[PDB]
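Printed here is coords_10.tsv (TSV, C-alpha atoms):
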chain	number	residue	atom	x	y	z
A	1	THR	CA	3.24	1.20	61.59
A	2	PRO	CA	2.88	0.36	65.30
A	3	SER	CA	-0.53	1.63	66.44
A	4	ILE	CA	-3.94	2.70	65.05
A	5	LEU	CA	-4.21	6.39	64.13
A	6	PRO	CA	-7.62	8.19	63.91
A	7	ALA	CA	-8.46	9.35	60.42
A	8	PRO	CA	-11.31	10.43	58.19
A	9	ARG	CA	-12.73	7.86	55.77
B	1	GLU	CA	-42.84	13.90	54.16
B	2	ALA	CA	-44.06	13.74	50.50
B	3	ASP	CA	-42.55	10.57	49.03
B	4	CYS	CA	-39.05	10.27	50.53
B	5	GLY	CA	-37.56	7.08	51.96
B	6	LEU	CA	-40.00	4.69	50.25
B	7	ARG	CA	-38.01	2.48	47.88
B	8	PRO	CA	-39.93	2.04	44.59
B	9	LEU	CA	-38.60	-1.43	43.88
B	10	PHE	CA	-39.50	-2.46	47.42
B	11	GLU	CA	-41.84	-0.62	49.73
B	12	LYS	CA	-43.83	0.40	46.66
B	13	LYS	CA	-43.84	-3.17	45.36
B	14	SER	CA	-44.37	-4.69	48.78
B	15	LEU	CA	-40.94	-6.30	48.66
B	16	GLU	CA	-38.63	-6.45	51.67
B	17	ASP	CA	-34.95	-6.46	50.92
B	18	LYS	CA	-33.06	-9.54	52.15
B	19	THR	CA	-31.79	-7.76	55.27
B	20	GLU	CA	-34.22	-5.31	56.88
B	21	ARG	CA	-35.90	-7.76	59.30
B	22	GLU	CA	-32.58	-7.78	61.15
B	23	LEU	CA	-33.18	-4.09	61.93
B	24	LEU	CA	-36.87	-4.41	62.43
B	25	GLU	CA	-35.76	-6.99	64.94
B	26	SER	CA	-33.20	-4.87	66.82
B	27	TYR	CA	-36.00	-2.76	68.33
B	28	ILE	CA	-37.39	-5.69	70.32
B	29	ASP	CA	-33.87	-7.11	70.69
C	1	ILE	CA	-17.42	-1.58	53.23
C	2	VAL	CA	-15.53	-4.00	55.51
C	3	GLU	CA	-17.17	-7.41	56.07
C	4	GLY	CA	-20.46	-6.77	54.33
C	5	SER	CA	-23.08	-8.02	51.92
C	6	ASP	CA	-23.55	-6.96	48.29
C	7	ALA	CA	-26.57	-4.80	47.45
C	8	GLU	CA	-29.91	-5.71	45.87
C	9	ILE	CA	-30.76	-3.76	42.75
C	10	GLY	CA	-32.30	-0.48	43.92
C	11	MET	CA	-31.74	-0.92	47.63
C	12	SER	CA	-30.31	2.46	48.55
C	13	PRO	CA	-31.86	4.45	45.65
C	14	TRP	CA	-30.70	7.66	47.39
C	15	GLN	CA	-27.12	6.61	46.93
C	16	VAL	CA	-24.68	9.07	45.38
C	17	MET	CA	-21.04	9.06	44.25
C	18	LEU	CA	-18.63	11.96	44.66
C	19	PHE	CA	-16.30	12.46	41.68
C	20	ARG	CA	-13.31	14.63	41.07
C	21	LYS	CA	-14.05	16.24	37.70
C	22	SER	CA	-10.64	16.10	36.05
C	23	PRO	CA	-9.10	13.71	36.38
C	24	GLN	CA	-12.35	11.77	36.72
C	25	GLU	CA	-11.79	10.23	40.22
C	26	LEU	CA	-13.76	8.38	42.96
C	27	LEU	CA	-13.63	10.45	46.17
C	28	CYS	CA	-16.47	9.85	48.57
C	29	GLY	CA	-20.05	8.83	49.09
C	30	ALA	CA	-23.32	10.68	49.46
C	31	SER	CA	-27.12	10.68	49.85
C	32	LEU	CA	-29.91	12.20	47.78
C	33	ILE	CA	-32.35	14.01	50.06
C	34	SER	CA	-34.54	15.55	47.32
C	35	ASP	CA	-34.35	16.22	43.57
C	36	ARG	CA	-32.05	19.21	44.05
C	37	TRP	CA	-29.85	18.54	47.13
C	38	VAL	CA	-27.19	15.94	48.19
C	39	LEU	CA	-25.82	15.38	51.73
C	40	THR	CA	-22.25	14.29	52.57
C	41	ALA	CA	-19.16	14.39	54.80
C	42	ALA	CA	-17.64	17.83	55.24
C	43	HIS	CA	-14.08	16.46	55.00
C	44	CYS	CA	-14.58	15.10	51.45
C	45	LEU	CA	-14.96	18.60	50.19
C	46	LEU	CA	-12.57	20.29	52.58
C	47	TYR	CA	-9.58	18.66	54.22
C	48	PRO	CA	-6.49	20.90	54.33
C	49	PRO	CA	-4.30	18.08	55.86
C	50	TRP	CA	-4.46	16.08	52.59
C	51	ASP	CA	-4.54	19.42	50.77
C	52	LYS	CA	-8.13	19.14	49.65
C	53	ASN	CA	-10.13	22.27	48.89
C	54	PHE	CA	-12.74	21.64	46.17
C	55	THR	CA	-15.20	24.07	44.55
C	56	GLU	CA	-18.38	23.40	42.63
C	57	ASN	CA	-16.45	22.93	39.38
C	58	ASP	CA	-13.91	20.40	40.66
C	59	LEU	CA	-16.57	17.72	41.00
C	60	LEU	CA	-19.62	15.89	39.65
C	61	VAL	CA	-21.88	13.06	40.91
C	62	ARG	CA	-23.45	9.81	39.71
C	63	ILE	CA	-26.85	8.72	41.00
C	64	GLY	CA	-28.48	5.29	40.91
C	65	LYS	CA	-25.42	3.17	40.10
C	66	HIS	CA	-25.05	-0.42	41.24
C	67	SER	CA	-21.93	-1.74	39.53
C	68	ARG	CA	-18.81	0.14	38.39
C	69	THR	CA	-17.78	-2.90	36.23
C	70	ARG	CA	-20.50	-1.72	33.86
C	71	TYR	CA	-22.46	1.44	33.09
C	72	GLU	CA	-26.28	1.13	33.31
C	73	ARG	CA	-27.40	3.64	30.65
C	74	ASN	CA	-30.85	5.26	31.03
C	75	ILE	CA	-30.46	4.11	34.62
C	76	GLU	CA	-27.67	6.05	36.27
C	77	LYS	CA	-27.35	9.79	35.93
C	78	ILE	CA	-24.44	12.19	36.40
C	79	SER	CA	-25.31	15.67	37.59
C	80	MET	CA	-23.08	18.68	37.99
C	81	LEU	CA	-22.75	20.96	41.01
C	82	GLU	CA	-24.23	24.46	41.22
C	83	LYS	CA	-22.70	25.17	44.67
C	84	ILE	CA	-21.26	23.30	47.64
C	85	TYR	CA	-22.15	24.26	51.23
C	86	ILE	CA	-19.86	23.21	54.08
C	87	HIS	CA	-21.06	23.72	57.65
C	88	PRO	CA	-19.65	26.98	59.05
C	89	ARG	CA	-18.55	25.64	62.42
C	90	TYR	CA	-17.13	22.48	60.74
C	91	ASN	CA	-13.99	21.59	62.72
C	92	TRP	CA	-11.39	20.01	60.44
C	93	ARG	CA	-8.70	21.13	62.88
C	94	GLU	CA	-9.50	19.12	66.00
C	95	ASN	CA	-12.07	16.37	65.53
C	96	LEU	CA	-13.92	16.66	62.24
C	97	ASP	CA	-16.86	18.00	64.20
C	98	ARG	CA	-19.99	19.00	62.31
C	99	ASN	CA	-18.42	17.12	59.38
C	100	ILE	CA	-21.36	17.78	57.06
C	101	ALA	CA	-22.01	19.43	53.75
C	102	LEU	CA	-24.75	19.93	51.23
C	103	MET	CA	-24.33	20.13	47.48
C	104	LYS	CA	-26.76	21.66	45.00
C	105	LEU	CA	-27.11	20.21	41.54
C	106	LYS	CA	-27.05	22.51	38.52
C	107	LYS	CA	-30.07	20.62	37.29
C	108	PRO	CA	-32.54	18.50	39.38
C	109	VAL	CA	-32.39	14.74	38.81
C	110	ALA	CA	-35.73	13.00	38.27
C	111	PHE	CA	-36.69	10.24	40.70
C	112	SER	CA	-36.78	6.98	38.79
C	113	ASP	CA	-37.17	3.41	39.94
C	114	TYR	CA	-33.56	3.23	41.13
C	115	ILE	CA	-33.28	6.87	42.16
C	116	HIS	CA	-35.26	8.02	45.20
C	117	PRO	CA	-34.45	10.54	47.97
C	118	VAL	CA	-34.03	9.28	51.54
C	119	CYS	CA	-35.89	10.96	54.49
C	120	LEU	CA	-34.42	13.13	57.23
C	121	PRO	CA	-34.97	12.55	60.94
C	122	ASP	CA	-37.63	14.43	62.88
C	123	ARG	CA	-37.05	15.23	66.56
C	124	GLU	CA	-39.68	12.58	67.26
C	125	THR	CA	-37.93	9.78	65.39
C	126	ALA	CA	-34.30	10.52	66.09
C	127	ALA	CA	-35.14	10.59	69.79
C	128	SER	CA	-36.73	7.16	69.66
C	129	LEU	CA	-34.64	5.41	67.06
C	130	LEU	CA	-31.08	6.59	67.57
C	131	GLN	CA	-30.63	4.42	70.69
C	132	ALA	CA	-27.84	2.03	71.63
C	133	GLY	CA	-28.57	-1.47	70.33
C	134	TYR	CA	-30.87	-0.46	67.51
C	135	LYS	CA	-29.52	-1.03	64.03
C	136	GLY	CA	-28.87	0.98	60.92
C	137	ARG	CA	-27.66	0.33	57.39
C	138	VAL	CA	-24.34	1.62	56.08
C	139	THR	CA	-23.67	1.76	52.34
C	140	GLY	CA	-20.71	2.54	50.12
C	141	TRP	CA	-18.04	1.55	47.60
C	142	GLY	CA	-15.18	2.00	50.05
C	143	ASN	CA	-12.22	-0.25	50.84
C	144	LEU	CA	-12.95	-3.90	51.59
C	145	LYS	CA	-10.21	-4.09	54.23
C	146	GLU	CA	-7.55	-1.94	55.91
C	147	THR	CA	-4.13	-1.14	54.25
C	154	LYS	CA	-6.31	-1.33	47.28
C	155	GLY	CA	-9.46	-3.41	47.79
C	156	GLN	CA	-12.01	-1.91	45.40
C	157	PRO	CA	-15.51	-3.43	44.97
C	158	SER	CA	-17.53	-3.66	41.76
C	159	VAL	CA	-20.96	-3.62	43.40
C	160	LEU	CA	-22.44	-1.44	46.19
C	161	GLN	CA	-21.61	-3.00	49.54
C	162	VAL	CA	-24.27	-2.94	52.21
C	163	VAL	CA	-24.05	-4.00	55.87
C	164	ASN	CA	-25.98	-3.50	59.10
C	165	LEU	CA	-24.47	-2.28	62.35
C	166	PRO	CA	-26.04	-1.66	65.81
C	167	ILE	CA	-25.58	1.65	67.57
C	168	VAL	CA	-23.10	1.73	70.47
C	169	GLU	CA	-23.49	3.58	73.76
C	170	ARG	CA	-21.78	6.95	73.96
C	171	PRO	CA	-19.44	6.00	76.82
C	172	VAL	CA	-18.08	3.00	74.89
C	173	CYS	CA	-17.28	5.20	71.87
C	174	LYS	CA	-16.26	8.12	74.07
C	175	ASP	CA	-13.58	5.70	75.28
C	176	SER	CA	-12.92	3.40	72.32
C	177	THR	CA	-11.18	6.54	70.99
C	178	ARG	CA	-8.90	9.32	72.17
C	179	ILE	CA	-10.72	11.89	70.13
C	180	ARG	CA	-13.24	14.17	71.83
C	181	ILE	CA	-16.59	13.20	70.35
C	182	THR	CA	-19.46	15.70	70.32
C	183	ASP	CA	-23.25	15.46	70.09
C	184	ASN	CA	-22.86	15.92	66.35
C	185	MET	CA	-21.64	12.39	66.23
C	186	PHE	CA	-22.58	8.92	67.30
C	187	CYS	CA	-20.84	5.62	66.67
C	188	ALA	CA	-21.86	2.18	65.53
C	189	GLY	CA	-20.45	-1.25	65.09
C	190	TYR	CA	-20.23	-4.52	66.95
C	191	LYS	CA	-18.22	-4.77	70.19
C	192	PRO	CA	-15.39	-7.09	71.19
C	193	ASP	CA	-17.10	-10.46	71.42
C	194	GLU	CA	-20.43	-9.86	69.70
C	195	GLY	CA	-20.71	-12.57	67.06
C	196	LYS	CA	-20.50	-10.42	63.95
C	197	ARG	CA	-18.32	-7.64	62.50
C	198	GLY	CA	-18.61	-5.08	59.70
C	199	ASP	CA	-17.61	-1.45	59.19
C	200	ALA	CA	-17.26	1.34	56.68
C	201	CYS	CA	-13.76	2.19	55.48
C	202	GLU	CA	-11.81	4.74	53.39
C	203	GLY	CA	-14.00	5.83	50.49
C	204	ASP	CA	-17.20	5.21	52.42
C	205	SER	CA	-17.09	8.55	54.21
C	206	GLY	CA	-19.91	10.93	53.35
C	207	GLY	CA	-22.18	7.96	52.65
C	208	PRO	CA	-25.58	7.37	54.28
C	209	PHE	CA	-26.50	5.44	57.40
C	210	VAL	CA	-30.19	4.85	57.24
C	211	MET	CA	-32.66	3.22	59.70
C	212	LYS	CA	-36.15	1.93	58.92
C	213	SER	CA	-38.84	3.60	61.03
C	214	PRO	CA	-41.13	0.99	62.69
C	215	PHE	CA	-43.51	3.90	62.81
C	216	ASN	CA	-44.16	5.07	59.27
C	217	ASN	CA	-42.03	2.32	57.78
C	218	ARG	CA	-39.60	4.58	55.85
C	219	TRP	CA	-35.85	4.99	55.55
C	220	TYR	CA	-34.22	7.82	57.46
C	221	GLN	CA	-30.53	8.81	57.11
C	222	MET	CA	-29.55	9.23	60.77
C	223	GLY	CA	-25.83	9.58	60.23
C	224	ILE	CA	-23.11	10.26	57.68
C	225	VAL	CA	-19.91	8.21	57.64
C	226	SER	CA	-17.34	10.53	59.20
C	227	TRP	CA	-14.25	8.63	60.30
C	228	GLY	CA	-12.61	5.88	62.27
C	229	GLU	CA	-9.31	4.49	63.55
C	230	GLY	CA	-8.39	1.69	61.16
C	231	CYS	CA	-11.33	-0.45	60.02
C	232	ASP	CA	-13.32	-3.20	61.78
C	233	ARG	CA	-10.55	-3.57	64.37
C	234	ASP	CA	-12.09	-5.08	67.52
C	235	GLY	CA	-12.34	-2.54	70.30
C	236	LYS	CA	-12.88	0.20	67.72
C	237	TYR	CA	-16.10	1.76	66.41
C	238	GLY	CA	-16.78	3.95	63.40
C	239	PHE	CA	-18.26	7.42	64.06
C	240	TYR	CA	-21.05	9.14	62.17
C	241	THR	CA	-22.37	12.66	61.94
C	242	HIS	CA	-25.55	12.97	63.96
C	243	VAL	CA	-27.66	13.98	61.00
C	244	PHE	CA	-30.48	15.09	63.20
C	245	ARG	CA	-28.34	17.34	65.38
C	246	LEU	CA	-27.31	19.50	62.48
C	247	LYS	CA	-30.81	19.10	61.07
C	248	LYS	CA	-31.21	22.82	61.67
C	249	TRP	CA	-28.34	23.92	59.48
C	250	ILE	CA	-29.53	21.65	56.70
C	251	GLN	CA	-32.69	23.72	56.19
C	252	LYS	CA	-31.34	27.25	56.70
C	253	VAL	CA	-29.36	26.16	53.65
C	254	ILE	CA	-32.21	24.75	51.56
C	255	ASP	CA	-34.80	27.46	52.34
C	256	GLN	CA	-32.30	30.06	51.17
C	257	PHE	CA	-30.95	28.08	48.14
What does this structure look like when you write it as C-alpha coordinates?
Amino acid sequence: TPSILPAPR
Amino acid sequence: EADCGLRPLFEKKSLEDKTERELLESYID
Amino acid sequence: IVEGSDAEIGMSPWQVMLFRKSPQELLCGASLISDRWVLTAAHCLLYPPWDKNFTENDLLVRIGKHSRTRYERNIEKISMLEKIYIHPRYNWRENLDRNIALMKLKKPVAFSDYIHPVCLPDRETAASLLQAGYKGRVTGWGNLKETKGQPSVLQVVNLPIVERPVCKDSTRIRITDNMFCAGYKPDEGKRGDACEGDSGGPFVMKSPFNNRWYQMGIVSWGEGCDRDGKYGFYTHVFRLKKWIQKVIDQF
(Lines of atoms letter the chains of each structure in order from A and count residues from 1; the text may use other names and numbers.)
(Lines give C-alpha, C1' and ligand atoms only; values in the text may rest on other atoms or scores of the structure.)
Protein backbone atom coordinates (compact mmCIF):
# COMPACT_ATOMS: atom_id res chain seq x y z
CA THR A 1 0.00 0.00 0.00
CA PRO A 2 2.76 2.51 0.86
CA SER A 3 6.10 0.72 0.43
CA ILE A 4 7.66 -2.35 -1.25
CA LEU A 5 7.58 -5.54 0.84
CA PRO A 6 10.03 -8.45 0.19
CA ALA A 7 8.31 -11.60 -0.98
CA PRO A 8 8.89 -14.91 -2.73
CA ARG A 9 7.95 -15.13 -6.41
CA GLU B 1 28.81 -33.89 -19.00
CA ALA B 2 27.11 -36.39 -21.40
CA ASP B 3 24.69 -34.34 -23.52
CA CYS B 4 23.22 -31.71 -21.18
CA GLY B 5 22.84 -28.02 -22.02
CA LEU B 6 23.13 -28.44 -25.80
CA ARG B 7 19.85 -27.34 -27.37
CA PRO B 8 18.88 -29.76 -30.18
CA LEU B 9 17.09 -27.16 -32.27
CA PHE B 10 20.10 -24.86 -31.92
CA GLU B 11 23.56 -25.90 -30.83
CA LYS B 12 22.92 -29.23 -32.54
CA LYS B 13 21.66 -27.51 -35.67
CA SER B 14 24.27 -24.77 -35.53
CA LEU B 15 21.59 -22.17 -34.89
CA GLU B 16 22.04 -19.32 -32.42
CA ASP B 17 18.90 -18.06 -30.78
CA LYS B 18 18.11 -14.39 -31.42
CA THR B 19 19.56 -13.28 -28.07
CA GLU B 20 22.65 -15.18 -26.91
CA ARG B 21 25.28 -12.89 -28.49
CA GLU B 22 24.22 -10.33 -25.90
CA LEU B 23 25.56 -12.70 -23.24
CA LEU B 24 28.50 -13.88 -25.23
CA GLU B 25 29.19 -10.18 -25.36
CA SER B 26 28.91 -9.42 -21.63
CA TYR B 27 32.16 -11.31 -20.95
CA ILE B 28 34.24 -8.79 -22.91
CA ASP B 29 31.85 -6.01 -21.87
CA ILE C 1 8.56 -12.17 -16.83
CA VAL C 2 8.56 -8.36 -16.52
CA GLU C 3 9.77 -6.43 -19.60
CA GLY C 4 10.96 -9.34 -21.69
CA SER C 5 11.01 -11.03 -25.06
CA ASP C 6 8.92 -14.02 -26.17
CA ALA C 7 10.70 -17.35 -26.62
CA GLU C 8 11.88 -19.13 -29.78
CA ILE C 9 10.50 -22.62 -30.22
CA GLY C 10 12.74 -24.93 -28.18
CA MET C 11 14.89 -22.28 -26.55
CA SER C 12 14.86 -23.45 -22.95
CA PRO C 13 14.13 -27.16 -23.64
CA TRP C 14 14.84 -27.87 -19.95
CA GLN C 15 11.88 -25.77 -18.98
CA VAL C 16 9.31 -27.24 -16.59
CA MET C 17 5.94 -26.22 -15.14
CA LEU C 18 4.80 -26.89 -11.59
CA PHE C 19 1.12 -27.85 -11.30
CA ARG C 20 -1.21 -28.34 -8.41
CA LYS C 21 -2.87 -31.69 -9.16
CA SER C 22 -6.45 -30.96 -8.15
CA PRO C 23 -7.56 -28.43 -8.89
CA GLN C 24 -5.21 -28.38 -11.88
CA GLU C 25 -3.32 -25.09 -11.12
CA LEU C 26 -0.20 -23.16 -12.29
CA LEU C 27 2.16 -22.72 -9.31
CA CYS C 28 5.78 -22.25 -10.20
CA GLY C 29 8.59 -22.88 -12.62
CA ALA C 30 11.35 -25.44 -12.90
CA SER C 31 14.32 -26.95 -14.77
CA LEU C 32 15.01 -30.43 -16.10
CA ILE C 33 18.52 -31.51 -15.10
CA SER C 34 18.31 -35.11 -16.39
CA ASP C 35 15.63 -37.59 -17.48
CA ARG C 36 14.64 -38.34 -13.89
CA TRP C 37 15.15 -35.15 -11.81
CA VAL C 38 13.74 -31.55 -11.78
CA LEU C 39 15.18 -28.54 -9.87
CA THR C 40 13.12 -25.70 -8.35
CA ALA C 41 12.49 -23.11 -5.62
CA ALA C 42 12.06 -24.54 -2.15
CA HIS C 43 9.23 -22.12 -1.32
CA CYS C 44 6.98 -23.40 -4.14
CA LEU C 45 6.72 -26.70 -2.40
CA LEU C 46 6.86 -25.43 1.16
CA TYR C 47 5.72 -22.03 2.33
CA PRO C 48 3.82 -22.11 5.64
CA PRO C 49 3.05 -18.31 5.48
CA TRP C 50 0.69 -18.84 2.52
CA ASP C 51 -0.19 -22.21 4.05
CA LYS C 52 1.55 -24.27 1.42
CA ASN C 53 2.76 -27.77 2.25
CA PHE C 54 2.65 -30.05 -0.82
CA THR C 55 3.51 -33.76 -1.11
CA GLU C 56 4.36 -35.82 -4.17
CA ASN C 57 0.68 -36.44 -4.91
CA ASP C 58 -0.49 -32.83 -4.79
CA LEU C 59 1.37 -31.99 -7.98
CA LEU C 60 2.41 -32.87 -11.53
CA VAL C 61 4.61 -31.24 -14.22
CA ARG C 62 4.56 -30.38 -17.93
CA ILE C 63 7.76 -30.45 -19.96
CA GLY C 64 8.51 -28.87 -23.33
CA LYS C 65 5.56 -26.47 -23.57
CA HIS C 66 5.73 -23.18 -25.43
CA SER C 67 2.20 -21.81 -25.46
CA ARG C 68 -0.63 -22.33 -22.94
CA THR C 69 -3.17 -20.98 -25.52
CA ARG C 70 -2.77 -24.36 -27.19
CA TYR C 71 -1.59 -27.87 -26.33
CA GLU C 72 1.23 -29.27 -28.51
CA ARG C 73 0.42 -33.01 -28.50
CA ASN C 74 3.30 -35.48 -29.02
CA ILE C 75 5.41 -32.49 -28.04
CA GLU C 76 4.78 -31.63 -24.42
CA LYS C 77 4.69 -34.26 -21.71
CA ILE C 78 3.19 -34.34 -18.22
CA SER C 79 5.00 -36.46 -15.67
CA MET C 80 3.99 -37.31 -12.14
CA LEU C 81 6.09 -37.04 -8.98
CA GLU C 82 7.64 -40.00 -7.18
CA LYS C 83 9.03 -37.86 -4.32
CA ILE C 84 9.89 -34.24 -3.56
CA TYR C 85 13.12 -33.30 -1.75
CA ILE C 86 13.38 -29.93 0.00
CA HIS C 87 16.77 -28.81 1.30
CA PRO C 88 17.07 -29.64 5.02
CA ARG C 89 18.50 -26.32 6.15
CA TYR C 90 16.00 -24.43 3.90
CA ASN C 91 15.07 -21.27 5.83
CA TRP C 92 11.47 -20.29 5.08
CA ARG C 93 11.38 -18.46 8.42
CA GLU C 94 13.92 -15.68 7.94
CA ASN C 95 15.14 -15.22 4.38
CA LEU C 96 14.18 -18.11 2.12
CA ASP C 97 17.78 -19.27 2.37
CA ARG C 98 18.78 -22.45 0.57
CA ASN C 99 15.44 -22.08 -1.23
CA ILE C 100 15.96 -25.18 -3.38
CA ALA C 101 14.29 -28.48 -4.01
CA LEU C 102 14.52 -31.48 -6.25
CA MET C 103 11.64 -33.54 -7.55
CA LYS C 104 11.79 -37.10 -8.87
CA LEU C 105 9.48 -38.20 -11.63
CA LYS C 106 7.56 -41.46 -11.29
CA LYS C 107 8.66 -42.21 -14.82
CA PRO C 108 11.66 -40.70 -16.73
CA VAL C 109 10.77 -38.35 -19.60
CA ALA C 110 12.59 -38.98 -22.89
CA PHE C 111 14.70 -36.14 -24.30
CA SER C 112 13.10 -35.00 -27.53
CA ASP C 113 13.82 -32.06 -29.79
CA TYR C 114 12.06 -29.63 -27.45
CA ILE C 115 12.96 -31.44 -24.23
CA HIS C 116 16.59 -31.43 -23.12
CA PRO C 117 18.20 -31.24 -19.65
CA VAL C 118 20.26 -28.17 -18.74
CA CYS C 119 23.81 -28.51 -17.22
CA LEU C 120 24.89 -27.81 -13.65
CA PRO C 121 27.82 -25.57 -12.72
CA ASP C 122 31.24 -26.99 -11.94
CA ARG C 123 33.48 -25.21 -9.42
CA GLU C 124 35.57 -24.18 -12.42
CA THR C 125 32.74 -22.50 -14.32
CA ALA C 126 30.73 -20.97 -11.52
CA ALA C 127 33.90 -19.32 -10.28
CA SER C 128 34.60 -17.74 -13.65
CA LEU C 129 31.12 -17.05 -14.93
CA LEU C 130 29.07 -15.95 -11.95
CA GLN C 131 30.71 -12.49 -11.87
CA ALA C 132 29.14 -9.05 -11.66
CA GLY C 133 28.41 -7.69 -15.14
CA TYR C 134 28.17 -11.03 -16.91
CA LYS C 135 24.73 -11.97 -18.14
CA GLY C 136 22.31 -14.81 -17.73
CA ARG C 137 18.92 -15.81 -19.11
CA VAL C 138 15.78 -15.92 -16.99
CA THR C 139 12.71 -17.81 -18.19
CA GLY C 140 9.14 -18.26 -17.03
CA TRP C 141 5.39 -17.78 -17.42
CA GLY C 142 5.11 -15.41 -14.46
CA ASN C 143 3.33 -12.07 -14.13
CA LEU C 144 4.01 -9.45 -16.81
CA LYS C 145 3.88 -6.59 -14.30
CA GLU C 146 3.38 -5.93 -10.58
CA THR C 147 -0.12 -5.86 -8.91
CA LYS C 148 -3.46 -10.64 -13.32
CA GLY C 149 -1.07 -10.34 -16.27
CA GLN C 150 -0.77 -13.88 -17.62
CA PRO C 151 1.26 -14.67 -20.80
CA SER C 152 0.43 -17.23 -23.47
CA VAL C 153 4.01 -17.90 -24.56
CA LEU C 154 7.23 -18.50 -22.56
CA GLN C 155 8.82 -15.17 -21.73
CA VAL C 156 12.57 -14.92 -21.93
CA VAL C 157 14.86 -12.03 -20.95
CA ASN C 158 18.53 -11.43 -20.20
CA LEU C 159 19.85 -9.76 -17.06
CA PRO C 160 23.44 -8.96 -15.92
CA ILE C 161 24.67 -10.04 -12.52
CA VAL C 162 24.94 -7.34 -9.85
CA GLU C 163 27.70 -6.95 -7.27
CA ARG C 164 26.96 -8.38 -3.84
CA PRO C 165 27.20 -5.05 -2.00
CA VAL C 166 24.58 -3.45 -4.26
CA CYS C 167 22.13 -6.30 -3.61
CA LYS C 168 23.24 -6.62 0.01
CA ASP C 169 21.94 -3.06 0.26
CA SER C 170 19.17 -2.82 -2.34
CA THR C 171 17.32 -4.95 0.25
CA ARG C 172 16.81 -5.17 3.99
CA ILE C 173 16.94 -8.92 3.94
CA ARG C 174 20.14 -10.69 4.97
CA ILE C 175 21.39 -12.38 1.82
CA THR C 176 23.66 -15.42 2.05
CA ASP C 177 26.16 -17.11 -0.26
CA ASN C 178 23.32 -19.35 -1.38
CA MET C 179 22.02 -16.43 -3.31
CA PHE C 180 23.09 -13.85 -5.83
CA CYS C 181 21.08 -11.14 -7.53
CA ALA C 182 20.66 -9.86 -11.05
CA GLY C 183 19.01 -7.10 -12.94
CA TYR C 184 19.82 -3.70 -14.34
CA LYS C 185 20.63 -0.79 -11.99
CA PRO C 186 19.08 2.66 -11.70
CA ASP C 187 20.12 4.34 -14.93
CA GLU C 188 21.35 1.45 -17.05
CA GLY C 189 19.43 1.71 -20.31
CA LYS C 190 17.33 -1.43 -20.04
CA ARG C 191 15.05 -3.18 -17.52
CA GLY C 192 13.56 -6.65 -17.09
CA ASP C 193 12.86 -8.99 -14.18
CA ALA C 194 11.15 -12.17 -13.11
CA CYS C 195 7.91 -11.84 -11.16
CA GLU C 196 5.32 -13.90 -9.21
CA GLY C 197 4.97 -17.28 -10.89
CA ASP C 198 8.52 -17.22 -12.20
CA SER C 199 10.03 -18.46 -8.96
CA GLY C 200 11.67 -21.87 -9.15
CA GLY C 201 12.49 -21.25 -12.82
CA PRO C 202 15.98 -21.46 -14.33
CA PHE C 203 18.61 -18.79 -14.83
CA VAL C 204 21.06 -20.15 -17.30
CA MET C 205 24.37 -18.77 -18.71
CA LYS C 206 26.17 -19.91 -21.86
CA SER C 207 29.72 -21.09 -21.17
CA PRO C 208 32.24 -19.39 -23.53
CA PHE C 209 34.31 -22.42 -22.68
CA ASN C 210 32.42 -25.52 -23.76
CA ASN C 211 29.60 -23.49 -25.25
CA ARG C 212 26.75 -25.03 -23.18
CA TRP C 213 23.92 -23.78 -21.00
CA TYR C 214 24.38 -23.91 -17.25
CA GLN C 215 21.62 -23.12 -14.71
CA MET C 216 23.52 -20.91 -12.26
CA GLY C 217 20.53 -19.76 -10.24
CA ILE C 218 16.89 -20.43 -9.43
CA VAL C 219 14.38 -17.58 -9.19
CA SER C 220 13.88 -17.14 -5.46
CA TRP C 221 12.26 -13.81 -4.66
CA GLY C 222 12.19 -10.05 -4.87
CA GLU C 223 10.60 -6.88 -3.53
CA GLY C 224 8.01 -5.86 -6.10
CA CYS C 225 9.08 -6.36 -9.72
CA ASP C 226 11.45 -4.38 -11.98
CA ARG C 227 11.25 -1.40 -9.60
CA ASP C 228 14.38 0.71 -10.11
CA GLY C 229 16.76 0.40 -7.19
CA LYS C 230 15.62 -3.18 -6.66
CA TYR C 231 17.15 -6.46 -7.86
CA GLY C 232 15.75 -9.98 -7.99
CA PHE C 233 17.61 -12.67 -6.02
CA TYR C 234 18.45 -16.20 -7.13
CA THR C 235 19.57 -19.36 -5.41
CA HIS C 236 23.27 -19.88 -6.00
CA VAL C 237 22.80 -23.20 -7.74
CA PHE C 238 26.45 -24.01 -7.48
CA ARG C 239 26.68 -23.37 -3.75
CA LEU C 240 24.15 -26.02 -2.94
CA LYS C 241 25.61 -28.13 -5.74
CA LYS C 242 26.68 -30.54 -3.02
CA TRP C 243 23.23 -31.23 -1.65
CA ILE C 244 21.91 -31.77 -5.16
CA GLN C 245 24.00 -34.92 -5.60
CA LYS C 246 23.76 -36.46 -2.13
CA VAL C 247 20.11 -36.52 -3.20
CA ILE C 248 20.54 -38.02 -6.67
CA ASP C 249 23.19 -40.62 -5.77
CA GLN C 250 20.86 -41.94 -3.09
CA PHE C 251 17.60 -41.67 -5.13
Per residue of region 65-143 of chain C within 6 Å of region 5-28 of chain B, which atom pair is closest and at what distance in Å (one decimal), using only C-alpha atoms, listed by chain and increasing number, as JSON lines?
{"residue": "C:113", "atom": "CA", "partner": "B:8", "partner_atom": "CA", "distance": 5.6}
{"residue": "C:118", "atom": "CA", "partner": "B:5", "partner_atom": "CA", "distance": 4.2}
{"residue": "C:119", "atom": "CA", "partner": "B:5", "partner_atom": "CA", "distance": 4.9}
{"residue": "C:134", "atom": "CA", "partner": "B:26", "partner_atom": "CA", "distance": 5.0}
{"residue": "C:135", "atom": "CA", "partner": "B:23", "partner_atom": "CA", "distance": 5.2}
Q: Record the distance separating CA of residue 185 (chain C) and CA of residue 128 (chain C), expressed in Å with one decimal.
A: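 These atoms are spaced 16.3 Å apart.
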Q. Mind listing as a ChimeraX atom specification which residues of chain A are within 8 Å of chain C, counting all atoms listed in the file?
A. /A:4-9
Given the selection you just returned, output its residues as a file containing C-alpha atoms, formatted as a PDB file, keeping the file's coordinate frame.
ATOM      1  CA  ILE A   4      -3.940   2.700  65.050  1.00  0.00           C
ATOM      2  CA  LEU A   5      -4.210   6.390  64.130  1.00  0.00           C
ATOM      3  CA  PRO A   6      -7.620   8.190  63.910  1.00  0.00           C
ATOM      4  CA  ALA A   7      -8.460   9.350  60.420  1.00  0.00           C
ATOM      5  CA  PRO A   8     -11.310  10.430  58.190  1.00  0.00           C
ATOM      6  CA  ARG A   9     -12.730   7.860  55.770  1.00  0.00           C
TER       7      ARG A   9
END
Q. Can you list, as a PyMOL selection string, every protein, DNA or RNA residue that comes within 12 Å of residue 63 (chain C) when you count all atoms listed in the file, leaving out same-chain residues fewer than 4 positions away?
A. chain C and resi 10+12-19+29-33+35+37-38+67+71-80+105+108-117
Q | Separation of CA of residue 247 (chain C) from CA of residue 87 (chain C), in Å and rounded to one decimal | A |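 The value is 11.3 Å.
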(Q) Between CA of residue 147 (chain C) and CA of residue 1 (chain A), what is the distance in Å, rounded to a tenth? (A)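 Rounded to one decimal, the two atoms are 10.7 Å apart.
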